[PDB]
Structure formats: structure tokens, C-alpha cells
Ligand SMILES: O=C(O)c1sc2cc(-n3c(S)nnc3-c3ccc(F)cc3)ccc2c1Cl
Ligand SMILES: O=C(O)c1sc2cc(-n3c(S)nnc3-c3ccc(F)cc3)ccc2c1Cl
Ligand SMILES: O=C(O)c1sc2cc(-n3c(S)nnc3-c3ccc(F)cc3)ccc2c1Cl
Ligand SMILES: O=C(O)c1sc2cc(-n3c(S)nnc3-c3ccc(F)cc3)ccc2c1Cl
Ligand SMILES: O=C(O)c1sc2cc(-n3c(S)nnc3-c3ccc(F)cc3)ccc2c1Cl
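In our numbering, the protein residues as written are 620 to 742.
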């Protein structure tokens, strides 16, 4: 429907990264998904997600959610509710938001476009 940016939890990315809020169940859009280099361990997917205001490229799917990408079209443009996530910090100090449970509210094909004009979140 109209006001597509109203579909997304504007400000949730800043809340996750600055406040470390994990109680929220924000609605985000997938902008892109790609594998990372994992050698002889399970494939792992990194996501560029949008909350309508910001994009952030430091999301990863928990391994348990891999089938959503492999089989069920979790893909660019879909709109998802994040039901459970955590944030982990790597040795270099960068943070990764690991999506543990998520629900696709609208398929990529039902949305079809990057909603709004989100800009990259800076650290
Ligand atoms: O394929 C490649 O050669 C590389 S080198 C490479 C280096 C990083 N990287 C960054 S940034 N900061 N620290 C590291 C790093 C990663 C793994 C490691 F043990 C040591 C250091 C991250 C990914 C990556 C990849 Cl992928
Ligand atoms: O400074 C750089 O350019 C490089 S090149 C470079 C290459 C590696 N590296 C080698 S060798 N073999 N596997 C890896 C590796 C890359 C990414 C990763 F997740 C784990 C391991 C690890 C760190 C690194 C860094 Cl740091
Ligand atoms: O977004 C990120 O986390 C990273 S980590 C990261 C690490 C590298 N990197 C380093 S250091 N040394 N070699 C590489 C490298 C990794 C993969 C590749 F095919 C070619 C080169 C290059 C880009 C990049 C990016 Cl981009
Ligand atoms: O293959 C690749 O493109 C990459 S990029 C890449 C980046 C990292 N890395 C380091 S160090 N510190 N934070 C991260 C990082 C990992 C996933 C992510 F969402 C954001 C950041 C570790 C491995 C890796 C690999 Cl492997
Ligand atoms: O700095 C560190 O402690 C770590 S942890 C770490 C983990 C990975 N890695 C591989 S393989 N498969 N999935 C991941 C992974 C990366 C980031 C993350 F959130 C969770 C998992 C790749 C590089 C790296 C580095 Cl570099």
C-alpha cells in the first residue's frame, strides 16, 4: 500500500547499533544477500538491510536460517520482521548483527523495489 516507508522500523538500525536494544522486533528490508568466504565450514550469508532511513551491511544469518536463502526466496526486496537477534563483536571491534529468527512479511516479488532512500549507517 501507500507510504511504503511506513512498512519499516525507521531508526531501528541506530537503536541496535548505538543503544544495543535487543527487545525490539524490528521490520527491515533486505537490500542484498551474499555468501562470505568460509572454507570447509558451513556456508554463511551476510546481508545488507534497510530500516528505511539507514542501510547496514553487517548482518548475518544464523546458520539455522540458511534454508530461507537457499530454498524460500529470502532475497533482495523482501520485507522481514526480526523476531530474535544478537550482536557479536569481532577482534577488530566491528559488530555483526546475527539474525536468529525472522519472518518474511512480504516476498521480494510483492514489494519489488528498495523502499525509501536509505543511506549507509556509519559505524
Ligand atoms: O580471502 C582473503 O584473503 C581475505 S583476507 C581478509 C581479511 C579480513 N580482515 C579484516 S578486513 N580485518 N581483519 C581481518 C582478518 C580476517 C581473518 C584473519 F584470520 C585475520 C584477519 C577479512 C576478510 C578477509 C578475506 Cl575474505
Ligand atoms: O592484510 C591483508 O591483506 C590480509 S590477507 C589475509 C589472508 C588470510 N588468510 C590466509 S593467508 N588463509 N586464509 C585466510 C583467511 C581469510 C579470511 C578469513 F575470515 C579467515 C582466513 C587471513 C588474513 C589476511 C589479511 Cl588480514
Ligand atoms: O566488507 C568487509 O568486511 C570486507 S573485509 C575485506 C578484506 C579484504 N582483503 C584483505 S584485508 N586482504 N585481501 C582481501 C581480499 C579479500 C577477498 C577478495 F576477494 C580479494 C581480496 C578485502 C575486502 C574486504 C571487505 Cl569489502
Ligand atoms: O568473504 C568475505 O567477504 C568476508 S568479509 C569479512 C569480514 C570479517 N569481519 C571482521 S575481520 N570484522 N568484522 C567482520 C564482519 C563480518 C561479517 C559482517 F557481516 C560484518 C563484519 C570477517 C570475515 C569476513 C569474510 Cl570471510
Ligand atoms: O575476529 C574474530 O574473532 C573472527 S570470528 C570469525 C568468524 C568467521 N566465520 C566463518 S569462517 N563462518 N562464519 C563466520 C562468522 C563471522 C562473523 C560472525 F559474526 C559470525 C560467524 C570468519 C572470520 C572471523 C573472525 Cl576474523
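Each residue gets a CB set at the ideal place from its N, CA and C atoms; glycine is no exception.
Task: Limits of the unbroken alpha helix (DSSP H) element including residue 685 - done: Taking the first residue of the chain shown as position 1, residue 685 is located at position 66. Per DSSP, residue 685 is one residue of the alpha helix (DSSP H) stretching across 685-690.
- [ ] Please classify residue 673: is it buried, with 16 or more other beta-carbons within 10 angstroms of its beta-carbon, or exposed?
- [x] On the chain shown, position 54 is the one that residue 673 refers to. With 16 or more Cβ atoms within 10 Å of its Cβ, residue 673 is classed as buried.
Open item on the list: Counting C-beta neighbours from all protein chains within 10 Å, is the total for residue 670 16 or more, i.e. buried, or is it exposed?
Closed with: As a first step, residue 670 is located in the chain shown; it is residue number 51 there, counting from the start. Buried: at least 16 other Cβ atoms inside 10 Å.
Task: Helix, strand or coil at residue 728 [DSSP, three-state] - done: Start at 1 with the first residue of the chain shown, and residue 728 comes out as number 109. In this structure, residue 728 counts as helix in the three-state DSSP scheme.
Task: Proximity below 8 Å, CB of residue 668 to CB of residue 647 - done: Position 49 of the chain shown, counted from the start, is the residue given in the question as residue 668. Position 28 of the chain shown, counted from the start, is the residue given in the question as residue 647. Yes, they are a contact pair.
TODO: Please name the residue, chosen from 627, 621 and 622, that lies closest to residue 697 on a Cα-to-Cα basis.
DONE: Here residue 697 corresponds to residue number 78 of the chain shown, with the count starting at 1. Ranking the options by Cα distance to residue 697, first place goes to 627.
Open item on the list: Classify residue 709: buried if its beta carbon has 16 or more other beta carbons within 10 angstroms, exposed otherwise.
Closed with: In the chain shown, counting from the first residue as 1, residue 709 sits at position 90. So residue 709 counts as exposed.
TODO: Measure the alpha-carbon distance for residue 657 versus residue 715 and round it to whole angstroms.
DONE: Here residue 657 is taken as the residue at index 38 of the chain shown, counted from 1. Here residue 715 is taken as the residue at index 96 of the chain shown, counted from 1. Cα to Cα, residue 657 sits roughly 16 Å from residue 715.
Task: Contact check, residue 700 vs residue 724, beta carbons under 8 Å - done: Here residue 700 is taken as the residue at index 81 of the chain shown, counted from 1. Here residue 724 is taken as the residue at index 105 of the chain shown, counted from 1. The answer is yes: Cβ separation under 8 Å.
Task: Short Cβ contact (8 Å threshold) for residue 695 with residue 652 - done: In the chain shown, residue 695 corresponds to position 76, counting from 1. In the chain shown, residue 652 corresponds to position 33, counting from 1. Yes, the pair counts as a contact, with Cβ atoms nearer than the cut-off.
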